[PDB]
Amino acid sequence: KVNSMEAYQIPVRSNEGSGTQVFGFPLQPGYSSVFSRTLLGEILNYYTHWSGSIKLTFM
Amino acid sequence: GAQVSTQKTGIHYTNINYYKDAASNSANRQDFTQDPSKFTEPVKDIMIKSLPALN
Amino acid sequence: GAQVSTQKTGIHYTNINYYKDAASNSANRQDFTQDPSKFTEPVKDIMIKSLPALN
Amino acid sequence: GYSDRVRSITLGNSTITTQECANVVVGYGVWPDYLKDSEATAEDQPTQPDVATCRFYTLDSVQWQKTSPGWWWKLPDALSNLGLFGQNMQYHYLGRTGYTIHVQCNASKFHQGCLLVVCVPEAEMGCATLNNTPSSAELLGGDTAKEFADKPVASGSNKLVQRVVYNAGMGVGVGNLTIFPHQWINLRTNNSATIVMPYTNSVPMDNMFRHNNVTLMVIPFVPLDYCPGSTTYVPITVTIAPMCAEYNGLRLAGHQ
Amino acid sequence: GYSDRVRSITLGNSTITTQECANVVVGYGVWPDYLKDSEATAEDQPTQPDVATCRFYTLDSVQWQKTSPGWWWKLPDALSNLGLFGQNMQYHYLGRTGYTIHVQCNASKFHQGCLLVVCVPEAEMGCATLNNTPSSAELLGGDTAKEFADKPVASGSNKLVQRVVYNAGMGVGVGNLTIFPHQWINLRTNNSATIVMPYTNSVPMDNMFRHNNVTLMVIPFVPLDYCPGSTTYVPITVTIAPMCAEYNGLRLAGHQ
Amino acid sequence: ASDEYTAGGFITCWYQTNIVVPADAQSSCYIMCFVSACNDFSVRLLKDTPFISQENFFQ
Amino acid sequence: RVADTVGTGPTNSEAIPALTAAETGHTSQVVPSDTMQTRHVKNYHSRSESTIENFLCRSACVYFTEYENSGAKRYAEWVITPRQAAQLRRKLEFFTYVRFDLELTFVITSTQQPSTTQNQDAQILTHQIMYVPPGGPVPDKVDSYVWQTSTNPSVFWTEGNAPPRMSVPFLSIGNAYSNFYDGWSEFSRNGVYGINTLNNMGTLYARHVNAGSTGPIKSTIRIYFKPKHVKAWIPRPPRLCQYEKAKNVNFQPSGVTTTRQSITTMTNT
Amino acid sequence: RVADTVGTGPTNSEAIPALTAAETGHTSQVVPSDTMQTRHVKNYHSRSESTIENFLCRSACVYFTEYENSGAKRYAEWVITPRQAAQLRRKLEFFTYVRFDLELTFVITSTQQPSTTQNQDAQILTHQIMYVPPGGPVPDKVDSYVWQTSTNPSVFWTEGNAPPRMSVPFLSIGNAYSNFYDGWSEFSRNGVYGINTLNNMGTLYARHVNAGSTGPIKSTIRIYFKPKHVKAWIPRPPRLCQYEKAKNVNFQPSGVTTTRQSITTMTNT
Ligand SMILES: CCCCCCCCCCCCCCCC(=O)O
Ligand SMILES: CCCCCCCCCCCCCCCC(=O)O
Ligand SMILES: *C(=O)CCCCCCCCCCCCC
Ligand SMILES: *C(=O)CCCCCCCCCCCCC
């Protein structure tokens, strides 16, 4: 799905229960395969240290 | 005709230029100007944080 | 923008810096500040020499 | 009695209404205008047609399918054949414009999907075959949408654009296209996207056939879907309006 | 651009949003606060954990069925095992808190139903067998909802709570529970109910294991219904947040 | 880059109250996530990205 | 400097700093203080090292060739482009238009070559690097009159000395250097497509002013570029796919990122 | 300056400057004047050379490696640590936390190697020293694209010149460099134990930009560290036992001091 627009979609579905996990990734903006190729992750890869807060806007 | 400016800290460093061309000068490392509301928020009508975006 | 400071004796030595970064500067050899009553005497209640320590 | 959702844009003969929208995303914070005497090089006096050129040109509609990869329209070339914008563009060596791009797509409450409406300044695209450069007929589509590909285009001895959507035909990550002025048409909350592009270029004026300074791209990130019964044909209509168009260097008509 | 329907409650690490609601019903017109030197008896200095205790604890979700009678959660005992609220509660003889109870339940436009979300101060419940008193394991359910009964519980030689909803397990008329701070989650207009309970008790502080001062009850007055196709699993999630929690009398941990 | 001294944390998502849909509307949807930095974000010590390689000078 | 966090307490209102509509094409400005109780922190953190000048202003090798003491390769030539090197090219390509001055440093290094030549006793080699702007006569041999540089600028550098360096102005015709060009060179929408229609910086020739010895010697000139006094406009996505050509965007499609297993896997695979 | 002695005379009181209780954890402040008749002496003696800056601010060799003209060892690499040298490491370890700027001087020296190679006539060798901060791509060969240093800093130095030198900032993430670390890297109190959990300064690569001759040549880069603008906190006992590892406190137990005979022996044995 990494070779597609599917890498971008987070599947949400109507269950028979709640408490289920939708997703999960660690806070590593420059390292995790999730963030490493983002606008933030590409810039972060040109630098050695980083500090700050991050906004994860879910639509 | 020298120019004493500040060093990067957490003093001063005097500078004189010898060349007749501005291209011969040192880099401009101390310009920390910034304006992300060209990219973050390029919307026509203002969007206030505490208010519902779509109303 | 120079700075004339004193030399080590028993005069002066003018200094100008050329670099934009404070890390590019010379060492700070002339700071003879000192405070051993952090280590010698870190006691809460004051201890006077001429008096008996335990009374 | 107001609403952030309502809108009405009047340019020339044309007016455009919206009953569900987001803000108008203004280019790089810049609203289009004319060239200043300070920034000008061409010494001849320009033609500024006004109401005849800067108006709403509605190109052809395209169908959004559950399997559509995306579409793209180069910018000067799209309106190159439309009305007096296309005429002045042929008789003149130099031209300069900004646009008000209105992408329209309405579905219902039982339909879902989400499109990225971007405006990529200088979308220089790559070729399928690494040695060649795509053909003019492969990159451009006058008023007729050119479409992205679902999967990698084969590198034979072609001049085909490498259309795989996920690289946007530019060898970048399609998810970072968000830096270029854009909006989303989430069928859940939206109805249309409006982007007011200012003139972006390194020269004060450029030829309108030889160089397409902006490229509009409509790429669906979350696919169209609906349960059976829900109407299947969901079209997307693109309406672009030139803004502050000037033309220098008049001569005979064409490009060659 | 405002709406009586939108909300956002921030307590500690947690924030809670609502896009459809009624007002926040504030206890008995009283907003929770700390104990005054005028009303205090325990002379030892309290621990007021703050951000560690007074935050949003989301207990387990429960399923609303077309046949569910109702549910109830005792109050200190529900969060008795949750985080640092449960810890301080074990190490301390005395405790005092108020709460922000957020009951969440979202359905659709084709679903119907209506729940009563009450906060019953001192819900002393009765036994099935008239001679006995219900067991601690019959009245209490830590973070796991205890549920009412559709019909009368049999009076054998038990210590079962007399759960018939229409008497609320207290021998009263379930329709008069409306005196205790409450809200309704009519699926037609609502999405959630928020109730801010102040500390209600006849003593300035009490032990948190031996006495459950408030009891939350979610009893559906008009049953869940929907036509086929409409999603069947409709859960209810309860999120409670202690408010102005103080603890006096520190010792070893437990209850005995 | 990763270092457990410099560990960051975990971002997870869970169903609070299952997805409820009417009849004739799709029960499986999608969510999209966006990453941006806050006003306190800063990067330090410049180095090269590991993301761009080369074997010969391009021609 | 970076912004300090404000001390925040609890909240219970209809103000929703967290709920928005990302369809607007506007990035949210939520900060920790908005979705939690924050403490006051004073930020002295500075975004000094991330200014465009500090990012781009570092000498990068953009290309390098060889010429010899004898034989055919006696002088070298390079048509100037920053696109032959993956490293510097990719940084410049974070922006559509860039404008800047350049600082050129050359690292010229020689190596003695294998020969049957006896009694070698080299003399010090002096090199000449010459710039031929678009239109001037080009050296066709190590000794064509062209190397007089009566008007062309050129550096004469003797080995063992400090690296020859000089700066150059913003040599463009446009009010900014174009990094990308979605167009052709011919009005008939034909001919060249892309940035090469724009690249016309000229050539750079290098040669040994003297052979120095009886044995063979081969030299390798490394050209370093350093953008001083930089201005960059219209940013864009960093290059994902690897570079294939030095004259065009030609890429070979690659996936969005690397992978891991489930959307729940807290670890890269 | 040092304190002058006060002229003292006889005494016969209940004031006891000499009797104390050392259990208090307080060092006595008795001076000659207190337990004898002193003369006034004026002390001009200065404690200038014992300031922390003067103690630590002197170039020390911290490590050195070799690379060659040909073969396998054509480039070198060193993961930066001040702990490989006994001398500088021990001075820094007089303090738990130290904070400072660094001055790096490199002494690169080459030696001709034994060969059957005839007609050698070396050309001047130019070296490149490159720093790869933690995370950047690493040179896997003397010629990987990595050596372009488009963003990594690197020094190019031709032999026979003055030693390449540059200074570096306080590159730590913490508000001070930690000399010791009584902890692990994993929250599960596992993995690495000690200071190595903290050392992450990156690597330093060096290579010959050119081979120079037909015969073999081997070079040896010596890295010198000089703490400028030093701040040191929480002092501790100087290292008694000899160092065993470069990543840990591991010592082999040794006696408190050397010996002599009787407690009455006025002479070391
Ligand atoms: C000895 C004199 C040497 C002069 C060196 C001149 C080098 C010119 C550099 C031009 C810079 C980068 C421009 C890319 C050009 C383009 O694509 O438009
Ligand atoms: C060519 C550029 C060379 C740059 C040299 C960088 C060397 C970094 C020095 C770090 C200093 C001493 C630190 C010990 C680290 C630790 O244990 O925490
Ligand atoms: C303003 O600069 C007056 C003070 C002059 C100080 C002495 C200048 C040092 C050498 C400068 C010569 C300029 C080199 C072309
Ligand atoms: C204050 O410095 C004004 C006096 C200047 C005296 C001449 C300076 C000598 C050369 C300095 C140039 C600085 C090197 C970057």
# chains A, B, ... in the order shown; residues from 1 in each chain; ligands from 1

call {"tool": "closest_atom_pairs", "arguments": {"of": "chain A", "to": "chain H", "cutoff": "8 Å", "atoms": "only C-alpha atoms", "output": "tab-separated table"}}
result
residue	atom	partner	partner_atom	distance
A:45	CA	H:135	CA	7.9
A:48	CA	H:134	CA	6.4
A:49	CA	H:173	CA	7.7

call {"tool": "interface_residues", "arguments": {"of": "chain D", "to": "chain G", "cutoff": "8 Å", "atoms": "only C-alpha atoms", "output": "PDB file with N, CA and C atoms, in the first residue's frame"}}
result
ATOM      1  N   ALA D  22     -15.390  25.934   1.758  1.00  0.00           N
ATOM      2  CA  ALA D  22     -14.363  26.282   2.723  1.00  0.00           C
ATOM      3  C   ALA D  22     -13.987  27.736   2.320  1.00  0.00           C
ATOM      4  N   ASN D  23     -12.906  28.299   2.852  1.00  0.00           N
ATOM      5  CA  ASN D  23     -12.552  29.666   2.431  1.00  0.00           C
ATOM      6  C   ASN D  23     -12.076  29.602   0.997  1.00  0.00           C
ATOM      7  N   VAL D  24     -11.732  30.756   0.463  1.00  0.00           N
ATOM      8  CA  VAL D  24     -11.161  30.813  -0.854  1.00  0.00           C
ATOM      9  C   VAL D  24      -9.685  30.766  -0.448  1.00  0.00           C
ATOM     10  N   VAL D  25      -8.900  29.862  -1.004  1.00  0.00           N
ATOM     11  CA  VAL D  25      -7.492  29.815  -0.644  1.00  0.00           C
ATOM     12  C   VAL D  25      -6.787  30.739  -1.617  1.00  0.00           C
ATOM     13  N   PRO D 121       2.865  25.112  -9.026  1.00  0.00           N
ATOM     14  CA  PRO D 121       3.610  25.998  -9.921  1.00  0.00           C
ATOM     15  C   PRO D 121       4.792  25.240 -10.534  1.00  0.00           C
ATOM     16  N   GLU D 122       4.867  25.248 -11.861  1.00  0.00           N
ATOM     17  CA  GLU D 122       5.910  24.576 -12.632  1.00  0.00           C
ATOM     18  C   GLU D 122       5.993  23.071 -12.411  1.00  0.00           C
ATOM     19  N   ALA D 123       4.921  22.371 -12.781  1.00  0.00           N
ATOM     20  CA  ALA D 123       4.849  20.919 -12.625  1.00  0.00           C
ATOM     21  C   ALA D 123       5.627  20.214 -13.725  1.00  0.00           C
ATOM     22  N   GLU D 124       6.954  20.330 -13.700  1.00  0.00           N
ATOM     23  CA  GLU D 124       7.790  19.696 -14.710  1.00  0.00           C
ATOM     24  C   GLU D 124       7.701  18.192 -14.492  1.00  0.00           C
ATOM     25  N   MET D 125       7.109  17.498 -15.455  1.00  0.00           N
ATOM     26  CA  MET D 125       6.900  16.058 -15.375  1.00  0.00           C
ATOM     27  C   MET D 125       7.922  15.169 -16.054  1.00  0.00           C
ATOM     28  N   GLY D 126       8.037  13.950 -15.544  1.00  0.00           N
ATOM     29  CA  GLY D 126       8.990  12.996 -16.074  1.00  0.00           C
ATOM     30  C   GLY D 126       8.459  12.053 -17.129  1.00  0.00           C
ATOM     31  N   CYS D 127       9.379  11.368 -17.797  1.00  0.00           N
ATOM     32  CA  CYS D 127       9.059  10.423 -18.861  1.00  0.00           C
ATOM     33  C   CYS D 127       9.127   8.990 -18.344  1.00  0.00           C
ATOM     34  N   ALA D 128       8.348   8.117 -18.987  1.00  0.00           N
ATOM     35  CA  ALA D 128       8.265   6.701 -18.642  1.00  0.00           C
ATOM     36  C   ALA D 128       9.627   6.122 -18.934  1.00  0.00           C
ATOM     37  N   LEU D 130      13.309   6.710 -19.210  1.00  0.00           N
ATOM     38  CA  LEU D 130      14.274   7.631 -18.612  1.00  0.00           C
ATOM     39  C   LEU D 130      15.138   8.490 -19.511  1.00  0.00           C
ATOM     40  N   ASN D 131      15.351   8.063 -20.741  1.00  0.00           N
ATOM     41  CA  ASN D 131      16.252   8.783 -21.652  1.00  0.00           C
ATOM     42  C   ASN D 131      15.500   9.931 -22.332  1.00  0.00           C
ATOM     43  N   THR D 133      12.080  12.730 -23.020  1.00  0.00           N
ATOM     44  CA  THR D 133      11.266  13.714 -22.320  1.00  0.00           C
ATOM     45  C   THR D 133       9.855  13.516 -22.901  1.00  0.00           C
ATOM     46  N   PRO D 134       8.810  13.596 -22.066  1.00  0.00           N
ATOM     47  CA  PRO D 134       7.467  13.403 -22.602  1.00  0.00           C
ATOM     48  C   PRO D 134       7.153  14.317 -23.777  1.00  0.00           C
ATOM     49  N   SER D 136       4.759  16.784 -26.211  1.00  0.00           N
ATOM     50  CA  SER D 136       3.830  17.885 -25.953  1.00  0.00           C
ATOM     51  C   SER D 136       2.391  17.388 -25.895  1.00  0.00           C
ATOM     52  N   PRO D 152       2.494   2.039 -12.518  1.00  0.00           N
ATOM     53  CA  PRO D 152       3.623   2.453 -13.355  1.00  0.00           C
ATOM     54  C   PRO D 152       3.467   2.297 -14.860  1.00  0.00           C
ATOM     55  N   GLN D 162       5.287   9.653 -16.922  1.00  0.00           N
ATOM     56  CA  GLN D 162       5.246   8.602 -15.912  1.00  0.00           C
ATOM     57  C   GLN D 162       4.136   9.011 -14.943  1.00  0.00           C
ATOM     58  N   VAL D 164       2.051   7.448 -12.699  1.00  0.00           N
ATOM     59  CA  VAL D 164       1.672   6.890 -11.400  1.00  0.00           C
ATOM     60  C   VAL D 164       1.387   8.016 -10.432  1.00  0.00           C
ATOM     61  N   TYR D 166       0.917   8.222  -7.171  1.00  0.00           N
ATOM     62  CA  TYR D 166       1.695   8.368  -5.953  1.00  0.00           C
ATOM     63  C   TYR D 166       3.030   9.103  -6.039  1.00  0.00           C
ATOM     64  N   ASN D 167       3.491   9.396  -7.251  1.00  0.00           N
ATOM     65  CA  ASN D 167       4.730  10.148  -7.442  1.00  0.00           C
ATOM     66  C   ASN D 167       4.386  11.447  -8.158  1.00  0.00           C
ATOM     67  N   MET D 170       6.088  13.604 -11.029  1.00  0.00           N
ATOM     68  CA  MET D 170       7.208  14.503 -10.776  1.00  0.00           C
ATOM     69  C   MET D 170       8.281  13.873  -9.893  1.00  0.00           C
ATOM     70  N   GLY D 171       8.110  12.609  -9.541  1.00  0.00           N
ATOM     71  CA  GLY D 171       9.095  11.930  -8.719  1.00  0.00           C
ATOM     72  C   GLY D 171       9.143  12.344  -7.271  1.00  0.00           C
ATOM     73  N   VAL D 172       8.046  12.908  -6.779  1.00  0.00           N
ATOM     74  CA  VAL D 172       7.926  13.359  -5.392  1.00  0.00           C
ATOM     75  C   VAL D 172       6.902  12.492  -4.661  1.00  0.00           C
ATOM     76  N   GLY D 173       6.607  12.817  -3.412  1.00  0.00           N
ATOM     77  CA  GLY D 173       5.614  12.055  -2.680  1.00  0.00           C
ATOM     78  C   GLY D 173       4.304  12.792  -2.862  1.00  0.00           C
ATOM     79  N   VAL D 174       3.297  12.151  -3.442  1.00  0.00           N
ATOM     80  CA  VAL D 174       2.009  12.802  -3.687  1.00  0.00           C
ATOM     81  C   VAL D 174       1.338  13.391  -2.447  1.00  0.00           C
ATOM     82  N   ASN D 176       2.750  15.185  -0.194  1.00  0.00           N
ATOM     83  CA  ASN D 176       3.396  16.442   0.169  1.00  0.00           C
ATOM     84  C   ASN D 176       2.990  17.559  -0.787  1.00  0.00           C
ATOM     85  N   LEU D 177       2.064  17.271  -1.691  1.00  0.00           N
ATOM     86  CA  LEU D 177       1.592  18.273  -2.631  1.00  0.00           C
ATOM     87  C   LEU D 177       0.878  19.382  -1.894  1.00  0.00           C
ATOM     88  N   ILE D 179       1.912  21.587  -0.034  1.00  0.00           N
ATOM     89  CA  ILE D 179       2.622  22.861   0.121  1.00  0.00           C
ATOM     90  C   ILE D 179       2.109  23.851  -0.909  1.00  0.00           C
ATOM     91  N   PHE D 180       1.761  23.333  -2.080  1.00  0.00           N
ATOM     92  CA  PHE D 180       1.233  24.149  -3.167  1.00  0.00           C
ATOM     93  C   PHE D 180      -0.190  24.519  -2.779  1.00  0.00           C
ATOM     94  N   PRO D 181      -0.622  25.774  -3.040  1.00  0.00           N
ATOM     95  CA  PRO D 181      -1.990  26.172  -2.681  1.00  0.00           C
ATOM     96  C   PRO D 181      -3.040  25.109  -3.042  1.00  0.00           C
ATOM     97  N   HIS D 182      -3.870  24.732  -2.073  1.00  0.00           N
ATOM     98  CA  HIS D 182      -4.850  23.677  -2.301  1.00  0.00           C
ATOM     99  C   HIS D 182      -6.060  23.711  -1.380  1.00  0.00           C
ATOM    100  N   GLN D 183      -6.966  22.774  -1.612  1.00  0.00           N
ATOM    101  CA  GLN D 183      -8.165  22.595  -0.817  1.00  0.00           C
ATOM    102  C   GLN D 183      -8.553  21.148  -0.999  1.00  0.00           C
ATOM    103  N   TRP D 184      -9.517  20.674  -0.229  1.00  0.00           N
ATOM    104  CA  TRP D 184      -9.958  19.296  -0.354  1.00  0.00           C
ATOM    105  C   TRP D 184     -11.444  19.322  -0.613  1.00  0.00           C
ATOM    106  N   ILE D 185     -11.953  18.360  -1.360  1.00  0.00           N
ATOM    107  CA  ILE D 185     -13.387  18.299  -1.577  1.00  0.00           C
ATOM    108  C   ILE D 185     -13.825  17.008  -0.909  1.00  0.00           C
ATOM    109  N   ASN D 186     -13.908  17.038   0.414  1.00  0.00           N
ATOM    110  CA  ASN D 186     -14.348  15.888   1.192  1.00  0.00           C
ATOM    111  C   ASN D 186     -15.847  15.944   0.946  1.00  0.00           C
ATOM    112  N   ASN D 190     -17.655  19.272   2.077  1.00  0.00           N
ATOM    113  CA  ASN D 190     -17.465  20.152   0.934  1.00  0.00           C
ATOM    114  C   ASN D 190     -18.401  19.968  -0.245  1.00  0.00           C
ATOM    115  N   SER D 202       9.640  33.446 -12.659  1.00  0.00           N
ATOM    116  CA  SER D 202      10.916  34.123 -12.423  1.00  0.00           C
ATOM    117  C   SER D 202      11.187  35.277 -13.372  1.00  0.00           C
ATOM    118  N   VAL D 203      10.278  35.466 -14.325  1.00  0.00           N
ATOM    119  CA  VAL D 203      10.348  36.546 -15.302  1.00  0.00           C
ATOM    120  C   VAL D 203       9.004  37.276 -15.226  1.00  0.00           C
ATOM    121  N   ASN D 207       5.961  33.685 -22.564  1.00  0.00           N
ATOM    122  CA  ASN D 207       5.146  33.267 -23.708  1.00  0.00           C
ATOM    123  C   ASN D 207       4.155  32.212 -23.186  1.00  0.00           C
ATOM    124  N   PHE D 209       2.463  29.696 -24.833  1.00  0.00           N
ATOM    125  CA  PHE D 209       2.410  28.397 -25.502  1.00  0.00           C
ATOM    126  C   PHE D 209       3.609  27.545 -25.110  1.00  0.00           C
ATOM    127  N   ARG D 210       4.768  28.188 -25.115  1.00  0.00           N
ATOM    128  CA  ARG D 210       6.052  27.580 -24.784  1.00  0.00           C
ATOM    129  C   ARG D 210       6.186  27.177 -23.310  1.00  0.00           C
ATOM    130  N   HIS D 211       5.498  27.873 -22.407  1.00  0.00           N
ATOM    131  CA  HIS D 211       5.613  27.600 -20.970  1.00  0.00           C
ATOM    132  C   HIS D 211       4.285  27.650 -20.198  1.00  0.00           C
ATOM    133  N   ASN D 212       3.950  26.561 -19.499  1.00  0.00           N
ATOM    134  CA  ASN D 212       2.729  26.466 -18.690  1.00  0.00           C
ATOM    135  C   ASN D 212       3.154  26.591 -17.224  1.00  0.00           C
ATOM    136  N   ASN D 213       3.113  27.815 -16.711  1.00  0.00           N
ATOM    137  CA  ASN D 213       3.536  28.120 -15.343  1.00  0.00           C
ATOM    138  C   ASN D 213       2.855  27.444 -14.153  1.00  0.00           C
ATOM    139  N   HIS D 255       1.895  30.057 -33.039  1.00  0.00           N
ATOM    140  CA  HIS D 255       3.015  29.582 -32.213  1.00  0.00           C
ATOM    141  C   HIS D 255       3.870  28.656 -33.112  1.00  0.00           C
ATOM    142  N   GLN D 256       5.160  28.989 -33.217  1.00  0.00           N
ATOM    143  CA  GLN D 256       6.109  28.283 -34.071  1.00  0.00           C
ATOM    144  C   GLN D 256       7.546  28.863 -33.925  1.00  0.00           C
TER     145      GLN D 256
END

call {"tool": "select_by_dssp", "arguments": {"residues": "chain A", "states": "helix (DSSP H, G or I)", "output": "number ranges by chain"}}
result
A: 5-8, 39-44

call {"tool": "interface_residues", "arguments": {"of": "chain B", "to": "chain G", "cutoff": "6 Å", "atoms": "only C-alpha atoms", "output": "ChimeraX atom specification"}}
result
/B:23-24,27-29,32,40-41,49-51,53

call {"tool": "write_last_selection", "arguments": {"atoms": "N, CA and C atoms", "output": "tab-separated table (two decimals), in the first residue's frame"}}
result
chain	number	residue	atom	x	y	z
B	23	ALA	N	29.19	40.69	-4.14
B	23	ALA	CA	29.20	39.24	-4.32
B	23	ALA	C	30.39	38.62	-3.61
B	24	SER	N	31.39	39.45	-3.32
B	24	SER	CA	32.61	39.02	-2.65
B	24	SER	C	32.44	38.96	-1.16
B	27	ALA	N	28.51	35.16	3.76
B	27	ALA	CA	27.10	34.75	3.76
B	27	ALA	C	26.30	35.53	4.80
B	28	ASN	N	24.98	35.50	4.69
B	28	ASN	CA	24.09	36.21	5.64
B	28	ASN	C	23.46	35.19	6.59
B	29	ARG	N	24.27	34.68	7.51
B	29	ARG	CA	23.86	33.66	8.47
B	29	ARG	C	22.90	34.07	9.59
B	32	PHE	N	17.06	35.60	11.00
B	32	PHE	CA	16.08	34.66	11.55
B	32	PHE	C	14.62	35.07	11.37
B	40	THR	N	0.96	28.06	6.03
B	40	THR	CA	0.03	27.62	7.06
B	40	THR	C	-0.96	28.78	7.05
B	41	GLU	N	-2.21	28.51	6.70
B	41	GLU	CA	-3.25	29.56	6.66
B	41	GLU	C	-3.30	30.54	5.46
B	49	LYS	N	-9.08	29.92	15.77
B	49	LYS	CA	-8.89	28.62	16.42
B	49	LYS	C	-10.08	28.09	17.25
B	50	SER	N	-10.52	28.90	18.21
B	50	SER	CA	-11.61	28.55	19.12
B	50	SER	C	-13.00	28.42	18.51
B	51	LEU	N	-13.14	28.83	17.26
B	51	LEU	CA	-14.43	28.78	16.58
B	51	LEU	C	-14.56	27.62	15.60
B	53	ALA	N	-14.71	25.87	12.31
B	53	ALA	CA	-14.21	26.21	10.96
B	53	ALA	C	-15.35	26.37	9.95

call {"tool": "interface_residues", "arguments": {"of": "chain G", "to": "chain H", "cutoff": "10 Å", "atoms": "only C-alpha atoms", "output": "number ranges by chain"}}
result
G: 54-63, 85-89, 91, 107-125, 159-163, 213, 215-220, 222, 224-226

call {"tool": "select_by_dssp", "arguments": {"residues": "chain C", "states": "strand (DSSP E or B)", "output": "list in words"}}
result
residues 3, 4, 5, 6, 12, 13, 14, 15 and 21 of chain C
